[PDB]
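Undergrad: What follows is a structure written as structure tokens; I'll ask about it next.
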Amino acid sequence: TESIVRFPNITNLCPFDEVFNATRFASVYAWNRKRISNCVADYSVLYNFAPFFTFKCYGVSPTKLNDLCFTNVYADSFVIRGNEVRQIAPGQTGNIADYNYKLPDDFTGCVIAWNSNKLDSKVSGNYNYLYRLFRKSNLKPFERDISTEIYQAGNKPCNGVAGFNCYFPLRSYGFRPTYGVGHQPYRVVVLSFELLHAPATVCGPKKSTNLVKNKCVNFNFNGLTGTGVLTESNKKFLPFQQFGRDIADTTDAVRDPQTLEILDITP
Ligand SMILES: *[C@@H]1O[C@H](CO)[C@@H](O)[C@H](O)[C@H]1NC(C)=O
Ligand SMILES: *[C@@H]1O[C@H](CO)[C@@H](O)[C@H](O)[C@H]1NC(C)=O
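Residue 382 in our numbering sits at position 29 of the sequence shown, and the numbers go up by one each step.
Here is the structure:
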């Protein structure tokens, strides 16, 4: 008869505006990995800061962010012109994944991109389009290189600034506000979430309800749905552990975000 929800007891607001609005985002070879934690994230009011997006949610559904808790949310905003907006996907690779921002083979999270045909085009370009071109090692997921190189591919090992046979990476784009359409820049803002892990920091809309510990409920502990009976526990949960699993995939024990009480779950 009850539908108690047990979202964590925080009331802070998330730094979304400090990331999406900005003035200058980043370069595509050196992105900023901003941490979002310990704040209520209302994902409904996002469509006003930068509309005409894609939202490309490889994982949690577009309308389901305001349903569950996230332990760590990381947003990486940079500029890639117009050709790798769909090549930022985990399957695709090339000169934008092996030598730039790389998404992992498995990945939960969504990306946001909108056009910059006049706002971030500038006269003769803003010249902050530094892409690593090529290097010796294909980049690991979520890895950047703050470095220059004199890449050669190997003949008469050279470290000089000369272009021929001592090729210099870190080129850039840049133009007058009009060009052949395809080069017009785009502001890509990714959103990488993570689940399980530590006690959750980012939750969303809070609808916390009191506890009844000897009857059946439709409980909701940090976004997970379950039907069963809650009760006190005599287990030996270590302070870092969060959930209590059994022989199968279900959870028979859980720790509430407040009052830190281990609670057994039985149907
Ligand atoms: C970005 O900040 C400016 C003030 O510097 C404000 O006028 C503008 O509305 C903001 N854009 C948003 C919140 O999308
Ligand atoms: C959140 O919940 C309790 C009761 O509403 C509140 O008094 C307290 O500030 C929070 N819990 C903890 C453990 O801080």
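The C-beta atom is built at its ideal place from N, Cα and C for all residues, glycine as well.
(1) Regarding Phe405 and ligand 1, is the C-beta to nearest heavy atom distance less than 7 Å?
(2) Check the C-beta distance from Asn453 over to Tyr382 and give it rounded, since I have them as a contact under 8 Å.
(3) I need the residues with a C-beta less than 6 Å from some heavy atom of ligand 2; please give them in chain order.
(4) Rounded to a whole number of angstroms, what is the C-alpha to C-alpha distance between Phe495 and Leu456?
(5) Is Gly557 near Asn401, with beta carbons less than 8 Å apart?
(6) Expressed to the nearest angstrom, what Euclidean distance is found between the alpha-carbon atoms of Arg529 and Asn362?
(7) Rounded to whole angstroms, what is the Cα-Cα separation between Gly576 and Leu523?
(8) Using the Cβ count rule (16 or more neighbours within 10 Å means buried), how would you classify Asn567?
(9) Which same chain residues, not among the five before or five after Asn491, have their C-beta less than 6 Å away from its C-beta?
(10) At the level of alpha carbons, what is the spacing between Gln594 and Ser474?
(11) Pick helix, strand or coil for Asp605, following the three-state DSSP scheme.
(12) Going by other Cβ atoms of all chains shown within 10 Å of its Cβ, with 16 needed for buried, is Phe574 buried or exposed?
(13) Using a Cβ-Cβ cutoff of less than 8 Å, which residues in the same chain neighbour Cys463 once the five nearest sequence positions on both sides are dropped?
(14) Report the three-state DSSP secondary structure of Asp420 (helix, strand or coil).
(15) Cβ of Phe402 versus every heavy atom of ligand 1: is any distance shorter than 7 Å?
(16) Beta-carbon within less than 7 Å of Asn571's beta-carbon, same chain only, minus the 5 sequence neighbours each way: which residues are those?
(17) Kindly indicate which residue of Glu502, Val514, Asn518 and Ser500 has the alpha-carbon position closest to the one of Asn508.
(18) At what residues does the alpha helix (DSSP H) containing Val372 begin and finish?
(19) Taking the alpha-carbon positions, what's the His536 to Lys471 distance?
(20) Quick test of your reading: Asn391 and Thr554, contact by CB under 8 Å. State the CB separation rounded to the nearest angstrom.
(21) Any idea which residues DSSP pairs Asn385 with across the strands?
(22) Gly581 lies in the beta strand (DSSP E); which residues open and close that run?
(23) Quick one: what does DSSP say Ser525 is sitting in, helix, strand or coil?
(24) Secondary structure at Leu548, three-state DSSP: helix, strand or coil?
TA: Concretely, from the data shown:
(1) no
(2) The Cβ separation is near 6 Å, so the contact holds.
(3) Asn362, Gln611 and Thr612
(4) 7 Å
(5) no
(6) 51 Å
(7) 44 Å
(8) exposed
(9) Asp451
(10) 49 Å
(11) strand
(12) buried
(13) Only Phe408, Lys409, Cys410, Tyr411, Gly412, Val413, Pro415, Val543 and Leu544 meet the Cβ criterion.
(14) helix
(15) yes
(16) Listed in chain order, the non-local C-beta contacts of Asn571 below 7 Å within the same chain comprise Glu355, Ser356 and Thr580, local neighbours out to five positions each way being set aside.
(17) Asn518
(18) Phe369 to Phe373
(19) 12 Å
(20) 5 Å
(21) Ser430
(22) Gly581 to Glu585
(23) coil
(24) coil
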